[PDB]
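Worksheet: one structure, shown below.
Positions of Cβ are backbone-derived with ideal geometry, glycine not excepted, and every protein chain shown enters the neighbour counts. Read-outs: derived from the displayed coordinates by stated rules, not from any lab.
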Amino acid sequence: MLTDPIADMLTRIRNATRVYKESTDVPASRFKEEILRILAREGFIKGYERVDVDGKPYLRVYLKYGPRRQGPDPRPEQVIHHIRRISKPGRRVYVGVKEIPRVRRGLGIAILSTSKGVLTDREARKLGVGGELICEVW
Amino acid sequence: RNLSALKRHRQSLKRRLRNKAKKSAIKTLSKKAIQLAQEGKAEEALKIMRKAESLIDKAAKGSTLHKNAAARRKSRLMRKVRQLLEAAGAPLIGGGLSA
Amino acid sequence: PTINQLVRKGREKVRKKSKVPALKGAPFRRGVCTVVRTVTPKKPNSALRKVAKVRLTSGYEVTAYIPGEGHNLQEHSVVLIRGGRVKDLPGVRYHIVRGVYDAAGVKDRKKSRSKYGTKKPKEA
Amino acid sequence: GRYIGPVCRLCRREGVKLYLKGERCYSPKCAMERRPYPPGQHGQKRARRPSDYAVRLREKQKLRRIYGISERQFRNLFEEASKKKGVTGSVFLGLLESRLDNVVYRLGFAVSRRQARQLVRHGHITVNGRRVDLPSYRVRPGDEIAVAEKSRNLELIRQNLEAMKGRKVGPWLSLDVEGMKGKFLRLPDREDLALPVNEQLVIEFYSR
Amino acid sequence: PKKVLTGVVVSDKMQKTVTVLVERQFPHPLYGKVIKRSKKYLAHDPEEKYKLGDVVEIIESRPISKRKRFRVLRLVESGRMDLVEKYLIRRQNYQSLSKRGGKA
Amino acid sequence: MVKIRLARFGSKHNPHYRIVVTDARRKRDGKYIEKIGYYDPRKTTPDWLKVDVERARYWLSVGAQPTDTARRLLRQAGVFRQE
RNA sequence: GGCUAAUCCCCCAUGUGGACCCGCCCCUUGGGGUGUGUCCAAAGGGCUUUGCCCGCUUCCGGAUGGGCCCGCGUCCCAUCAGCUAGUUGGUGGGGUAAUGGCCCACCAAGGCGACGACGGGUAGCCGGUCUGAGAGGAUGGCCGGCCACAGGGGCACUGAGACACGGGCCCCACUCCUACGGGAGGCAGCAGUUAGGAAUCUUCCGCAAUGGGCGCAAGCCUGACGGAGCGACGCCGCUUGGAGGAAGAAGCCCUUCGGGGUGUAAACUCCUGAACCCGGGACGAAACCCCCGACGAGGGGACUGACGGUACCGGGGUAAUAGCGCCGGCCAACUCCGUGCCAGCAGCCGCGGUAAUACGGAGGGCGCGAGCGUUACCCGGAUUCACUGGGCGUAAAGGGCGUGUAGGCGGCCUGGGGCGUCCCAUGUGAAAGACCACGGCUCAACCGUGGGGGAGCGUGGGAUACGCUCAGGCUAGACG
RNA sequence: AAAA
RNA sequence: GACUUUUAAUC
Ligand SMILES: [Mg+2]
Ligand SMILES: [Mg+2]
Ligand SMILES: [Mg+2]
Ligand SMILES: [Mg+2]
Ligand SMILES: [Mg+2]
Ligand SMILES: [Mg+2]
Ligand SMILES: [Mg+2]
Ligand SMILES: [Mg+2]
Ligand SMILES: [Mg+2]
Ligand SMILES: [Mg+2]
Ligand SMILES: [Mg+2]
Ligand SMILES: [Mg+2]
Ligand SMILES: [Mg+2]
Ligand SMILES: [Mg+2]
Ligand SMILES: [Mg+2]
Ligand SMILES: [Mg+2]
Ligand SMILES: [Mg+2]
Ligand SMILES: [Mg+2]
Ligand SMILES: [Mg+2]
Ligand SMILES: [Mg+2]
Ligand SMILES: [Mg+2]
Ligand SMILES: [Mg+2]
Ligand SMILES: [Mg+2]
Ligand SMILES: [Mg+2]
Ligand SMILES: [Mg+2]
Ligand SMILES: [Mg+2]
Ligand SMILES: [Mg+2]
Ligand SMILES: [Mg+2]
Ligand SMILES: [Mg+2]
Ligand SMILES: [Mg+2]
Ligand SMILES: [Mg+2]
Ligand SMILES: [Mg+2]
Ligand SMILES: [Mg+2]
Ligand SMILES: [Mg+2]
Ligand SMILES: [Mg+2]
Ligand SMILES: [Mg+2]
Ligand SMILES: [Mg+2]
Ligand SMILES: [Mg+2]
Ligand SMILES: [Mg+2]
Ligand SMILES: [Mg+2]
Ligand SMILES: [Mg+2]
Ligand SMILES: [Mg+2]
Ligand SMILES: [Mg+2]
Ligand SMILES: [Mg+2]
Ligand SMILES: [Mg+2]
Ligand SMILES: [Mg+2]
Ligand SMILES: [Zn+2]
């Protein structure tokens, strides 16, 4: 049994991108889906789609990378350099709208879950409502 | 030395003795009434209950009893006296009790 | 430590341990000389280091170094201990303050006089 | 007692020309002339590369040795600068410049800051009318610094304010040699000063 | 406002009195994780009405005895020993941690 | 008994009082109930006396008793001027 | 033993009203109304004397102060694990202003603990203070709030209030007086003595100001307070000079009697003028009170400063304290002589064994300057108890392995609740302090006025993604 | 043997 | 005193 899916998914993504996979599956969940929605919108990923495997609901997550590079190690720069779970079972992390973080002077995002739904720190500050600070991504 | 305010001591003592005297009577009459009550003697039981009442209120006039202390007293008295006359007494003088 | 463990035991706050039980954590302690031996250095030094077995007013009987060119302390002179060890003599963790009580200052001294306690020489 | 001792020696150690005497620090003798090497038995001897620390320590000593301020006072003006909003570097200089002793000097009433300082402690200077005998006094914008009426007749003030005729005054200041007035217009912008000091290092000396 | 607390009854063994175990929950001052702490209150039951396992509201009240400053406001949901159980077991585990070893 | 009096807040040779409402029994400079003004005996500024007549009047209406100086000052601020 | 006054004590009366018992109500713990019956009042004094002042009595209310209760928070040791008999609860009673095992009798057998009871150590708590980028750590002197104590222990009396620092009683220790029977005491009030200690001040002035007690008032009392005194103990301001201007008596200047620069520095010339002298000389103080007006509003008048002949202003006027630490590296500043693992130094690394930038002296230099340096203690650096922010193959660190209790953690879909979580409003967050602005003392320290923020907590309303809970469903975990 |  | 770079030991 997965102990913390949102983290598993986050990690699957971290792992898949480090070896430059193109696709990458992850068991599906409404919540997982909502997070993907943001990732896609912020443009950290080429999007994602629902699928089935051996007869079960998964989410193909199409990854995105920069271009090939010069010199030794011509590996593309990563679009998703950092992506870390913040709140975790066994230390849930909440924040007030006044306590929402500014991930990397703006060049990054922070996905928090609010009563108004899941939304980037920017969106959260907009509607002006905090919640459980889910993950961080830059 | 001699802080002439030893006078407060002198005065306290008189006052003490004065208070002691008043309360003693209150108790004695209180029992007194509770006594005749626990015997059906309605007329003379209320008679006394009535003195007790008076004395208490008077005691609460100055600063002997004073306060709601007096009121507890009366209450506790008009209580027992009335409840002990629950032995066929039939409040005669019905002095204090407002039956 | 997992957070739960942290919540169950927390972190032990490290306490500090004095190098100068001059008691009452005072800056100095008055004492009396019991002995005024001479001691030899350790590690890689050699000399006849001057020390004193002081009977503390704080109910202690410790040894203290006697700084300076030459001293004048006998088996009965009152003295002020000051704290500060002598790297070369293990066991000696105090110095005697030159210039206080029965400990004379250091005659012929010319420089670090405040230390060694020696009045300003007249430049007539 | 702000130093009080050989001074053209500090110019020497600082390796730069410090005008701690107004006059003479112009006539072939500030000592920094034909003897610009540090004082003492080793002044000429070959010099070893200083530590980032030494460079920072000298720079501060330079800037402070100019105004004559004590470390005590200097440090405090710096802390005040640090606290205030606005590039500490400049702001500090501005506060250093607002010192009456220095202002009396900029206006030429005295030739050196030291002389300037003495002219304040002796009641020969006035501010907005009432006399002020405090070198450290901080001049604000719009304040008028005149001369003790009863002092406008001193040989010392004569020569000086006479030599002032013809001399130009710093852009942040302005004076009237006539009634021996002078007006502090604004805090001198860093650009207005041409100090032989890189205050950025001074700031670093206090970071450590 | 008189404090109102909800909890489970873990003891009717007294006359006109019940013990209410009240669960509290909150973020740890330094470590953040939400930690759950609990406390027993001896509430007043004038008519030996409430029984074991009943979830009740408790109202801050006028002292009724040393150690007893609450009265049962009302009943939330009758029966449910599962809670009472956890409590009893935790109490039994106690006879163990000492000079020997009880049950597990 | 609650009063309106002067509390000492200046400094040596630099007295500055606060016109204050307080219990008759508290330290001169203790915990007051409300500040209703202030006063500078040496009038070192064109604002050496100020009062909140509205408030002053409140306490006077509920029994506060002013000091002699308290009154003197309150009067200046026109606390009793009915005209 | 005898006499006597009253605003001292008591009795009768009047009962606005109020208290108590029982009902012929609303409210909801003992709140409010009502009616019968009981029950309870008072003090007089002064005059400008037929009026007014001060005061008395009962009751409702205000204001201020306070008691009690509850949620949450508040150090170290588990080499302290079981604790408890008024102990937990009940009925009745006592007690109090009042709730309550507060106390008592009687019945019950309970109550508390690993979410750390009980025991031991340490300790007044807080606003705040110091430190830190912050989280945090350390701390709680001065000032402000609360608590506690008043030689040690116990107790109550009198009062609106005490279980009473300068009130009382008893026991104990100690001091003193004693015709030895018996008595007097309590500086943790100001000052001072003595002891202890490394160490902490005047047996000062004044009641003029602010505040307090009593008095109608005049006024009396006030070691509270306002001041002065001693101590660089701290903070701030200031002085020992400014501008010119390069020579060296018996000179420590590389002394078995073996002479480098300091440095425009000095000399010296000119200028100013700390001290000090003479003259003037304050704010802080206008009320209380008296007069007019009605003892009101309002107006008029007078009395009164310890500090102090001090601050400050004017006039005159002298070039007139400088010290302490350091110079091998860390760390800014180098040479000579003496010494020879000695004498000595040393924060850590280290230095001294005959050429020592490290010891002692000298010249020179660096640092700070009425200070400088030492010792002690706190925070920092130290992500070196790591929440922010650490680790465990070989550096210190995986339990010898399993089973399993408590506990922590929990897959996918839907729905209800709204406890966690988030949001809006609102109350609370005294003052001082900290921050900003402006202002007063010539500046500053210091002080005044104004301004702004704030978590936590209470109340009302709202949201429902996540955590939680209840209900239903699923089959990817688990089991069969 | 000690110190470098 | 002698040897060693000084010193212990050694003559
Ligand atoms: Mg009397
Ligand atoms: Mg050695
Ligand atoms: Mg030395
Ligand atoms: Mg007689
Ligand atoms: Mg009567
Ligand atoms: Mg009477
Ligand atoms: Mg203690
Ligand atoms: Mg830190
Ligand atoms: Mg006692
Ligand atoms: Mg004593
Ligand atoms: Mg009284
Ligand atoms: Mg009484
Ligand atoms: Mg007491
Ligand atoms: Mg006393
Ligand atoms: Mg004393
Ligand atoms: Mg002594
Ligand atoms: Mg008075
Ligand atoms: Mg007296
Ligand atoms: Mg005083
Ligand atoms: Mg000169
Ligand atoms: Mg006046
Ligand atoms: Mg008077
Ligand atoms: Mg008048
Ligand atoms: Mg060194
Ligand atoms: Mg160096
Ligand atoms: Mg040599
Ligand atoms: Mg040397
Ligand atoms: Mg100074
Ligand atoms: Mg740390
Ligand atoms: Mg350590
Ligand atoms: Mg960590
Ligand atoms: Mg480590
Ligand atoms: Mg190991
Ligand atoms: Mg193993
Ligand atoms: Mg092992
Ligand atoms: Mg389990
Ligand atoms: Mg779940
Ligand atoms: Mg909620
Ligand atoms: Mg708030
Ligand atoms: Mg505040
Ligand atoms: Mg100003
Ligand atoms: Mg809903
Ligand atoms: Mg289910
Ligand atoms: Mg050696
Ligand atoms: Mg050899
Ligand atoms: Mg030898
Ligand atoms: Zn020069």
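Structure data summary
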{"quantity": "Residues being of a type in the set (S, T, N, Q) and either closer than 18 Å to residue B:80 by Cα or more than 7 Å from RNA strand G (Cβ to nearest atom) (or both) - total across region B:47-63", "calculated": "1"}
{"quantity": "Filtered residue count, region F:64-81, keeping only those that are in a loop (DSSP other than H, G, I, E, B) and either within 14 Å of residue F:34 (Cβ to Cβ) or among the polar types (S, T, N, Q) (or both)", "calculated": "2"}
{"quantity": "Top-ranked residue in region E:62-85 [being under 12 Å from residue E:8 (Cβ atoms) and either small (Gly, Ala, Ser) or in contact with a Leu (Cβ under 9 Å, 6 or more places away or on another chain) (or both); ranked as farthest from the other protein chains (Cβ to nearest Cβ)]", "calculated": "E:78"}
{"quantity": "Close pairs from region C:46-61: first free of Cβ contacts under 8 Å to residues at least 40 places away in the same chain and away from ligand 44 (no atom under 16 Å from the Cβ), partner aromatic (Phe, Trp, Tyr) and part of a strand (DSSP E or B), Cβ under 9 Å, at least 6 apart", "calculated": "C:50/C:65"}
{"quantity": "Output for region A:15-32, where each listed residue is within 13 Å of the chain's Cα centre (by Cα) and loosely packed, with under 15 Cβ neighbours inside 10 Å", "calculated": "A:15, A:31"}
{"quantity": "Number of the exception - residue D:200 against (1) more than 9 Å from RNA strand G (Cβ to nearest atom); (2) under 17 Å from the mean Cα position of the chain (by Cα)", "calculated": "(2)"}
{"quantity": "Residues of region E:25-43 satisfying the condition of being within 14 Å of chain A (Cβ to nearest Cβ) and either more than 21 Å from residue E:88 (Cβ to Cβ) or touching a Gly at 6+ places or on another chain (Cβ under 8 Å) (or both)", "calculated": "E:25, E:26, E:27, E:28, E:29, E:30, E:31, E:32, E:33, E:34, E:35"}
{"quantity": "Some residue of region E:44-61 being more than 14 Å from chain A (Cβ to nearest Cβ), surrounded by fewer than 12 Cβ atoms within 10 Å (Cβ to Cβ) and over 13 Å from the mean Cα position of the chain (by Cα)", "calculated": "yes"}
{"quantity": "Residue within region D:159-168 that is part of a loop (DSSP other than H, G, I, E, B) and under 16 Å from the mean Cα position of the chain (by Cα) present", "calculated": "no"}
{"quantity": "Region A:61-84 - residue that is buried (at least 17 other Cβ atoms within 10 Å of the Cβ) and closer than 17 Å to residue A:8 by Cβ and, of those, farthest from the other protein chains (Cβ to nearest Cβ)", "calculated": "A:63"}
{"quantity": "Residue in region C:89-98 that is more than 8 Å from RNA strand G (Cβ to nearest atom) and assigned to a strand (DSSP E or B) present", "calculated": "yes"}
